[PDB]
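Just so it is clear: chains get the letters A, B, ... in the order the sequence lines come, proteins before strands, and each one is counted from 1. Values below: all heavy atoms of this structure, side chains included; hydrogens, waters and symmetry mates excluded. Both counts, for ligands and for their atoms, begin at 1 and track the order of listing.
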Amino acid sequence: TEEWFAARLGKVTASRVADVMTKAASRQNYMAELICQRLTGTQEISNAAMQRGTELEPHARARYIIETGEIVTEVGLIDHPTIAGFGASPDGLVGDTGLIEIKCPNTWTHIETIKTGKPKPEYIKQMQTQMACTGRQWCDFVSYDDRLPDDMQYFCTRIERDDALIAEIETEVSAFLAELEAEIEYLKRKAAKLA
Amino acid sequence: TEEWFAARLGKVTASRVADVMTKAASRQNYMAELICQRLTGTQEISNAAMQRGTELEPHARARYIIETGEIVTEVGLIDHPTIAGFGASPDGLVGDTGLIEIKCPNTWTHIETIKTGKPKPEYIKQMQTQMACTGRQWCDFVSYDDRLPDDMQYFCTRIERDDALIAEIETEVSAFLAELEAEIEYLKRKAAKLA
Amino acid sequence: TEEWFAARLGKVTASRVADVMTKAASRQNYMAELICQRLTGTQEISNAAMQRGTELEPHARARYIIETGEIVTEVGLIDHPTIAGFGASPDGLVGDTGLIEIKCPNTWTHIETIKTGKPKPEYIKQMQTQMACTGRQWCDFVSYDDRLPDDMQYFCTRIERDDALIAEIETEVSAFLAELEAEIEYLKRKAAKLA
Ligand SMILES: Nc1ncnc2c1ncn2[C@H]1C[C@H](O)[C@@H](COP(=O)(O)O)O1
Ligand SMILES: Nc1ncnc2c1ncn2[C@H]1C[C@H](O)[C@@H](COP(=O)(O)O)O1
Ligand SMILES: Nc1ncnc2c1ncn2[C@H]1C[C@H](O)[C@@H](COP(=O)(O)O)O1
Ligand SMILES: [Mg+2]
Ligand SMILES: [Mg+2]
Ligand SMILES: [Mg+2]
């Protein structure tokens with residue numbers, strides 16, 4: 001929805017945390033995006049894999065509630081409690097202290113999740129960031145793909161909060177936000193004085 | 001046609017043999033595709049270069065028959081005689097012991113074929129694989145591009161069967177099929193027992 | 001317009017000069033294009049960044065005339081005075097001895113121009129090539145992006161003719177044209193004799 005797009009404008013967010021932290025181009029690329037979003041006052045604008053995976057998300061959500069019996073509340077963008085212009089959009093608030101994060105990737109990506117039993121470190125970061133913004137205690141990581149035989153369609157794993165990884169993330173994100181605002185500050189002053 | 005798409009589902013085929021054999025990512029990428037095709041029960045789904053080259057194929061076919069006078073029979077997917085789930089789709093059965101393989105690539109690719117007089121090793125593999133599935137003795141390799149001056153439009157070269165390259169191919173393909181089926185076997189057993 | 005497309009067919013042009021000169025694949029890639037254009041008798045055929053940047057070009061043109069008060073004449077393809085099949089399409093003839101060259105890139109590219117105050121060396125080459133075909137004395141390099149705050153939207157810098165860089169360019173371009181024509185010559189003779 002357009003509400004939340006506007007809440008997201010220019011903030012670092014859970015799913016881009018791996019880019020912020022990457023040992024790279026995807027960091028400065030991400031920075032540039034956010035600088036532009038802030039300066040221009042909007043975002044830019046998705047393959048049929050993404051589109052299809054979006055449709056399937058509610059199928060996953062339901063399968064999870066079937067599986068567990070949890071009460072899951074859909075939510076908006078949750079701003080970090082302390083770090084301003086930083087936030088998260090979890091797929092839902094599970095019970096009183098949990099979260100859900102749902103993937104509907106390509107069949108092959110799904111299979112590799114079944115194969116290894118573990119979410120990619122970039123998703124670990126994404127979830128840890130969610131827990132950090134929501135002060136929640138665990139996140140359930142669902143992967144779902146209905147094109148598969150029945151016992152391969154659904155996968156779930158819990159990832160417990162981790163205040164250590166969270167501590168790092170908060171630093172890096174704060175540092176990166178410092179850079180990003182000074183970079184904006186800087187251009188303004190050149191452009192300004194120059195005018 | 002959809003008939004042949006279904007005959008192709010999940011099999012290694014002549015034109016992907018270079019990927020199987022590559023000294024690489026394109027091998028495991030190909031493997032993943034075939035695993036998915038088998039497990040999901042279908043394929044995924046082409047630029048205007050491909051689309052255009054498909055239209056031009058019958059122009060090439062005719063030019064070849066004009067040039068040679070051969071009787072060429074269009075055929076479906078031809079399964080390897082011994083290696084199961086392996087096959088080939090030659091562009092036609094030329095006479096009693098020949099095949100045709102037709103390219104309508106970009107103008108520049110065509111010119112480089114005129115320039116060197118030889119088909120790319122990946123096409124050598126593709127044709128050798130055709131001869132292997134059809135027990136045919138040679139394949140005529142046509143390249144065609146009508147955007148060119150007249151004497152550059154059409155190129156043809158014969159490639160004789162080669163039971164040595166064919167021997168290798170059959171090994172690699174068999175090995176790769178072994179992997180691919182065990183990989184499927186494996187996931188089933190994890191998923192199964194896990195359910 | 002289609003007039004100028006036909007004037008451009010098969011010639012090296014100002015904006016592709018960096019490719020000709022590159023220390024690479026983009027050189028032979030460019031060569032192949034031009035060979036194909038000459039042999040086939042036409043060009044091949046752009047994202048929404050390009051499309052959008054094209055729309056904005058007249059906004060830039062006007063802003064420049066607002067800023068300076070110059071009389072700017074839009075022009076076609078200007079053929080090099082001596083080197084045949086070589087030419088330039090400047091964005092306009094400024095006054096009696098100037099040129100304009102207008103960019104409407106992505107916001108981030110624009111910002112990096114504000115940041116460094118200097119046009120990318122590939123644009124230096126492009127402008128020098130314009131001066132070389134027009135015998136003009138300077139080129140004004142405009143970058144424009146209206147999505148930005150007001151004092152960041154518009155940037156301008158002058159680049160004086162430079163007969164030294166121009167001398168180099170003319171060599172490289174002549175050399176590259178020699179190659180390109182002999183390459184065409186060559187294929188003809190193979191194809192010809194072969195027929
Ligand atoms: N533009 C757009 N439309 C729809 N879905 C999107 C879009 N961008 C990202 N996403 C998805 C991908 C992430 O899982 C989540 C953003 O979460 P966060 O924690 O806020 O990074 O939403
Ligand atoms: N999806 C699809 N549609 C149309 N044509 C295709 C498609 N995939 C491959 N091809 C072409 C490319 C190969 O020359 C041949 C497959 O031959 P084989 O020996 O079976 O690999 O058909
Ligand atoms: N196909 C097409 N349509 C519209 N605009 C184009 C096209 N190709 C290049 N350009 C733009 C990019 C260059 O600034 C200029 C060509 O200038 P020159 O000095 O001639 O290289 O025009
Ligand atoms: Mg999700
Ligand atoms: Mg073919
Ligand atoms: Mg321009």
Side-chain angles (χ1 to χ4, degrees), chain A residues 1-2 4-5 7-9 11-20 30 33-34 37 42-46 50-51 53-54 56-58 60-61 64 74-80 86-92 99-105 119 122-123 125-134 139-144, chain B residues 1-2 4-5 7-9 11-20 30 33-34 37 42-46 50-51 53-54 57 75-80 86-91 99-105 122-123 125-134 139 141:
Chain A
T1 101
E2 200 189 42
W4 152 100
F5 269 88
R8 268 166 82 85
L9 201 69
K11 319 191 174 179
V12 176
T13 68
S15 58
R16 300 304 305 279
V17 158
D19 295 328
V20 161
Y30 182 41
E33 289 178 46
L34 294 187
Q37 280 178 10
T42 29
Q43 33 247 139
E44 291 300 73
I45 6 61
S46 155
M50 276 154 207
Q51 297 163 283
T54 304
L56 193 68
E57 197 200 284
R61 192 175 270 94
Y64 171 83
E74 278 207 73
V75 63
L77 177 86
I78 299 315
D79 283 311
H80 192 280
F86 180 29
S89 304
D91 288 333
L99 298 160
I100 188 181
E101 176 57 31
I102 298 168
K103 300 313 179 198
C104 302
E122 81 243 45
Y123 297 146
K125 286 183 188 55
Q126 171 185 21
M127 295 180 288
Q128 294 298 349
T129 302
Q130 295 164 159
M131 320 210 228
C133 299
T134 57
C139 177
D140 267 355
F141 173 90
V142 170
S143 184
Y144 185 66
Chain B
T1 101
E2 200 189 42
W4 152 100
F5 269 88
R8 268 166 82 85
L9 201 69
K11 319 191 174 179
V12 176
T13 68
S15 58
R16 300 304 305 279
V17 158
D19 295 328
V20 161
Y30 182 41
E33 289 178 46
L34 294 187
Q37 280 178 10
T42 29
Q43 33 247 139
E44 291 300 73
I45 6 61
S46 155
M50 276 154 207
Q51 297 163 283
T54 304
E57 197 200 284
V75 63
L77 177 86
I78 299 315
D79 283 311
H80 192 280
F86 180 29
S89 304
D91 288 333
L99 298 160
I100 188 181
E101 176 57 31
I102 298 168
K103 300 313 179 198
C104 302
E122 81 243 45
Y123 297 146
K125 286 183 188 55
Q126 171 185 21
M127 295 180 288
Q128 294 298 349
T129 302
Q130 295 164 159
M131 320 210 228
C133 299
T134 57
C139 177
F141 173 90

Tell me which protein heavy atom sits closest to [atom], plus the residue, atom name and distance to 0.1 Å.
atom: atom 14 (O) of ligand 1; answer: A/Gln126 NE2, 3.8 Å
atom: atom 18 (P) of ligand 2; answer: B/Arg8 NH1, 3.0 Å
atom: atom 12 (C) of ligand 1; answer: A/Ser15 OG, 4.5 Å

How is the N/O/S atom of A/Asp91 that comes nearest to the Mg ion (ligand 4) named?
OD2
Quick one: which ligand 2 atoms are inside 4.0 Å of a heavy atom on B/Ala88?
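Those qualifying, in numeric order: 19 (O).
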Taking only heavy atoms of B/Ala14, which atoms of ligand 2 are found under 4.0 Å from at least one of them?
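The atoms of ligand 2 under 4.0 Å from a heavy atom of B/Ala14 are 19 (O), 21 (O).
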Distance flag for [atom], protein heavy atom under 4.0 Å:
atom: atom 10 (N) of ligand 2; answer: no
atom: atom 1 (N) of ligand 1; answer: yes
atom: atom 16 (C) of ligand 1; answer: yes

Look only at interatomic distance and state if B/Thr13 has a nitrogen or oxygen under 3.5 Å from any nitrogen or oxygen of ligand 2.
yes
Any N/O of B/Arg16 closer than 3.5 Å to an N/O of ligand 2?
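In this structure, B/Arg16 places no N or O atom under 3.5 Å from an N or O of ligand 2.
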With A/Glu57 via side-chain hydrogen bond (donor to acceptor under 3.5 Å, both in side chains) - residues at least two apart
A/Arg61
Would you check the N or O atoms of A/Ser89, main chain and side chain alike, for any that come under 3.5 Å of an N or O of ligand 1?
yes
